[PDB]
Every structure is written in structure tokens, then in C-alpha cells.
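Engineer: One structure is given below, represented as C-alpha cells, and several questions about it will come after.
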Amino acid sequence: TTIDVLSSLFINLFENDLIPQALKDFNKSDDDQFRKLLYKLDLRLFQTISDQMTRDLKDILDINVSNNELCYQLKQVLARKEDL
Amino acid sequence: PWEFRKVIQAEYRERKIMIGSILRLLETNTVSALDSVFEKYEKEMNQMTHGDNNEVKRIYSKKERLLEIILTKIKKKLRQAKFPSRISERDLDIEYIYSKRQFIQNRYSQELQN
Amino acid sequence: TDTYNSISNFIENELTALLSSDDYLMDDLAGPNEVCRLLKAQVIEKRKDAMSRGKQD
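Protein chains in written order, with the entry's author numbering: chain UU, 133 to 216; chain QQ, 127 to 141, 156 to 254; chain YY, 2 to 32, 35 to 60.
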């Protein structure tokens, strides 16, 4: 109820304002070779931030399922070995 | 986007350290990212910083200062937002649960050969 | 002997992590910015549900 909302609120937070802020700013500064730094250095920042969090928020969204399945998987194999 | 509560109040009707706990989870995520991919992109610094360490410091200060002004903005936007305390900063950390997965998958392995 | 640790290392990092990192690095080296930084926004949308940990377990 609150895990998914926090996951959706934060991914939309960067994607709607912060990621475009780095994207829109970089669209102008390309003549000055040093001004290419700040905004694409900023672009690589939030763009990867959304990259690993979606690999981290989904990680806790799968590890609470995969391990739950694995804990389930641990049950019948324990129900096998005890039965053995 | 911004204005959490207007969305959040419209959300939580169809279903502060805790708020700070969520807040410091952003800090861990936004600072490790501020570092981890910085060296992955650091090999491009020399060719476009014109061999100037001051320009390297200039971007670091600007890439930082542009974050706390939002970090203060996100702090003031998160306090006004409300959440139920069903989240732990330990659980959201990948390493704590990845190690727990390692223990669980290993425990699944010793009994497998048993 | 616990062969599961060795096999898990082979299919977790030796296989999947290598291909992911190589894809990102080599396609980045293929460049300019826009073409590679967009063509991979649609690979997540169509290779999804293929890197979930449970089903590769």
C-alpha cells in the first residue's frame, strides 16, 4: 500500500521534474565545450539514479517474492527431507 | 512531480523520524549515485575539462549545490507528505537483503545436497 | 562440495552481469548522445520480466 506508492512517487519525482531539468538545461549549452559538463553530468546523475532505484525498489519487490518463493521452496524440500 | 499532498491526499483516500527515515534513504541513494557513476564517467573529464582541476571542482560544487536546494525542497515536500510506518531503512538497503538472500539461497544449498 | 555456489556465480554474475555491463559499455562506445541514450529506453520496456530474480532462480 505504501511501498508501491513510495516507489511510484519517487520515480515520478525525478522523471517529471529533475530528469527534464538536467535534460532541458543540456539542450542549450553545447557550444562552450566546458558547459557541456554540468548538465549532462547532471543527466547521467538522475538517469542512473532512476536506473538503480528501479533495480533496487524492484529488487525489494522481487526479493520479498523470490525469497518468499525460496522460503516456500525451502518448505517442501524440508517437507521432502523430513519425509525422507 | 511536486505537490505531494495534493496528489497524496487524492491517493490515500481510494485505499517524523519515519518520514526522516524515508528522507535519509534518499540521501544514501542520491550520494552513492553521485559517486558510483562519477568515476564511471570520470574518464571523460580530462578531455572536456581542458586539463583543469578547478573546473573539476566547479562541476562538483554545482552538481552538489543543485542537489541540496532540491534536498531542502524534498525535505519540505516530504514532511508535509504523510506515510504509514511500514518501511524500515534497513530493509530498503539492498546489501542487507542481498546478504539475507545469500544466506537464504545458501541455506537452500546445504539442504539440497543433504 | 556445494556446487550450487559455483553455479549461482556462473548464472548470476558470470553470465547476466557480464552481458548487461558489456551491452551498456560497448553501445556507449558505439557513439552521439541522443541515439544511444534513447534506444535503450525501449529495451527496458520490451525485455522487462526477464531479469526478475525469482524466475532466474
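Backbone N, C-alpha and C define an ideal beta-carbon position, used for all residues, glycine too.
1. Counting only Cβ pairs nearer than 8 Å, list the residues of chain QQ close to YY:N6.
2. Given a threshold of 16 other Cβ atoms within 10 Å of its Cβ, counted over all protein chains shown, does QQ:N186 qualify as buried or as exposed?
3. Roughly how far, in whole angstroms, is the beta-carbon of QQ:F223 from the beta-carbon of QQ:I159, given that I think they are within contact range, below 8 Å?
4. Find the residues of chain QQ that neighbour UU:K168, judging by a C-beta separation of less than 9 Å, and give them in chain order.
5. Does any C-beta atom of chain UU lie closer than 9 Å to the C-beta of QQ:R241?
6. With a threshold of 8 Å, are at least 3 pairs of Cβ atoms found where one atom belongs to the region 230-246 of chain QQ and the other to the region 185-197 of chain UU?
7. Figure out for me which residue from QQ:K217, QQ:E184, QQ:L207 and QQ:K183 has the closest Cα to the Cα of UU:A154.
8. What number of angstroms, rounded off, separates the C-alpha of UU:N144 from the C-alpha of QQ:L163?
9. Can you name the start and end residues of the alpha helix (DSSP H) that UU:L170 belongs to?
10. Drop a sphere of 10 angstroms on the beta-carbon of YY:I12, count the other beta-carbons inside from all chains shown, and report buried for 16 or more, exposed for fewer.
11. How big is the Cα-Cα spacing for QQ:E204 and QQ:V171?
12. Where do the N-terminal and C-terminal ends of the alpha helix (DSSP H) with UU:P152 fall, by residue?
13. Could you tell me which chain QQ residues have their CB closer than 8 Å to the CB of UU:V209, listed as they occur along the chain?
14. By the 8 Å beta-carbon criterion, what residues does the region 143-163 of chain UU contribute toward chain QQ?
15. Going along chain UU in order, which residues have a C-beta closer than 7 Å to the C-beta of QQ:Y236?
16. Just to check my reading of the structure: UU:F146 and UU:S182 have Cβ atoms closer than 8 Å, yes? What is that Cβ distance to the nearest angstrom?
17. Under 8 Å between beta-carbons, which chain QQ residues line up against UU:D188? List them in chain order, please.
18. Could you check whether the Cβ of YY:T2 sits closer than 9 Å to any Cβ belonging to chain QQ?
19. If the cut is a Cβ gap below 7 Å, which residues of chain UU does YY:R50 touch?
20. Taking a Cβ distance cut-off of 8 Å, strictly less, list which residues of the region 197-208 of chain UU are near chain YY, in chain order.
21. Strictly below 8 Å CB to CB, what residues from chain QQ border UU:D136?
22. Within 8 Å, do at least three Cβ pairs link the region 212-228 of chain QQ to the region 204-216 of chain UU?
23. Is QQ:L163 close to chain UU, meaning its C-beta is less than 9 Å from at least one C-beta of that chain?
24. For UU:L175, count the other beta carbons within 10 Å of its own beta carbon; 16 or more makes it buried, fewer makes it exposed. Which is it?
25. Hey, does YY:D28 have any beta-carbon neighbour from chain UU nearer than 9 Å?
26. Tell me whether QQ:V196 sits in a helix, a strand or coil according to DSSP, three-state version.
Structural biologist: So, to answer that:
1. Along the third sequence, read from residue 1 onward, the residue named residue 6 of chain YY stands at position 5. What YY:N6 touches in chain QQ: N246 and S249.
2. To locate residue 186 of chain QQ, count along the second sequence from 1; it is residue 46. The residue in question, QQ:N186, is exposed, as its Cβ has fewer than 16 Cβ neighbours within 10 Å.
3. Sequence index remark: in the second sequence, residue 223 of chain QQ carries index 83 (1-based). Sequence index remark: in the second sequence, residue 159 of chain QQ carries index 19 (1-based). Confirmed, Cβ separation roughly 7 Å.
4. Taking the first residue of the first sequence as 1, we reach residue 168 of chain UU at position 36. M188, listed in chain order.
5. As a first step, residue 241 of chain QQ is located in the second sequence; it is residue number 101 there, counting from the start. It does; some Cβ of chain UU falls within 9 Å.
6. yes
7. On the first sequence, position 22 is the one that residue 154 of chain UU refers to. If we check each option's Cα against that of UU:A154, QQ:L207 comes out closest.
8. The residue labelled residue 144 of chain UU in the question sits at position 12 within the first sequence. The residue labelled residue 163 of chain QQ in the question sits at position 23 within the second sequence. One C-alpha to the other measures close to 16 Å.
9. As a working note, residue 170 of chain UU is residue 38 in the first sequence. UU:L170 -> alpha helix (DSSP H) spans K168 to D215.
10. As a working note, residue 12 of chain YY is residue 11 in the third sequence. Its Cβ having fewer than 16 others within 10 Å, YY:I12 is exposed.
11. Taking the second sequence and counting its residues from 1, one reaches residue 204 of chain QQ at position 64. Taking the second sequence and counting its residues from 1, one reaches residue 171 of chain QQ at position 31. If I take the Cα positions, the gap works out to 9 Å.
12. Taking the first sequence and counting its residues from 1, the one referred to as residue 152 of chain UU is at position 20. That run of the alpha helix (DSSP H) goes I151 to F158.
13. Numbered from its first residue, the first sequence carries residue 209 of chain UU at position 77. Per Cβ cutoff of 8 Å: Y248, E251 and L252.
14. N144, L145, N148, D149 and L150
15. Counting from one through the second sequence, the residue named residue 236 of chain QQ turns up at place 96. Correct list: empty, because the minimum Cβ distance to chain UU is about 10 Å.
16. Counting from one through the first sequence, the residue named residue 146 of chain UU turns up at place 14. Counting from one through the first sequence, the residue named residue 182 of chain UU turns up at place 50. Sure, about 5 Å apart at Cβ, within 8 Å.
17. If you number the first sequence from 1, residue 188 of chain UU lands on position 56. Ordered by position in chain QQ, the residues that pass the 8 Å Cβ test against UU:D188 are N169, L232 and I234.
18. Here residue 2 of chain YY refers to the residue found at position 1 when the third sequence is read from its first residue. Cβ-Cβ to chain QQ under 9 Å: yes for YY:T2.
19. In the third sequence, the residue the question calls residue 50 of chain YY occupies position 47. Simply none; closest approach about 13 Å.
20. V197, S198, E201 and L202
21. One-based indexing of the first sequence puts residue 136 of chain UU at position 4. Those do not exist, as UU:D136 stays about 10 Å from chain QQ at its closest Cβ, beyond 8 Å.
22. no
23. The residue you call residue 163 of chain QQ lines up with position 23 of the second sequence. It does not: the Cβ of QQ:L163 has no partner Cβ on chain UU nearer than 9 Å.
24. Position 43 of the first sequence, counted from the start, is the residue given in the question as residue 175 of chain UU. Looking at its Cβ environment, which holds 16 or more other Cβ atoms inside 10 Å, UU:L175 is buried.
25. Counted from its first residue, the third sequence places residue 28 of chain YY at position 27. No, no contact with chain UU.
26. Sequence index remark: in the second sequence, residue 196 of chain QQ carries index 56 (1-based). DSSP places QQ:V196 in helix when its eight states are reduced to three.
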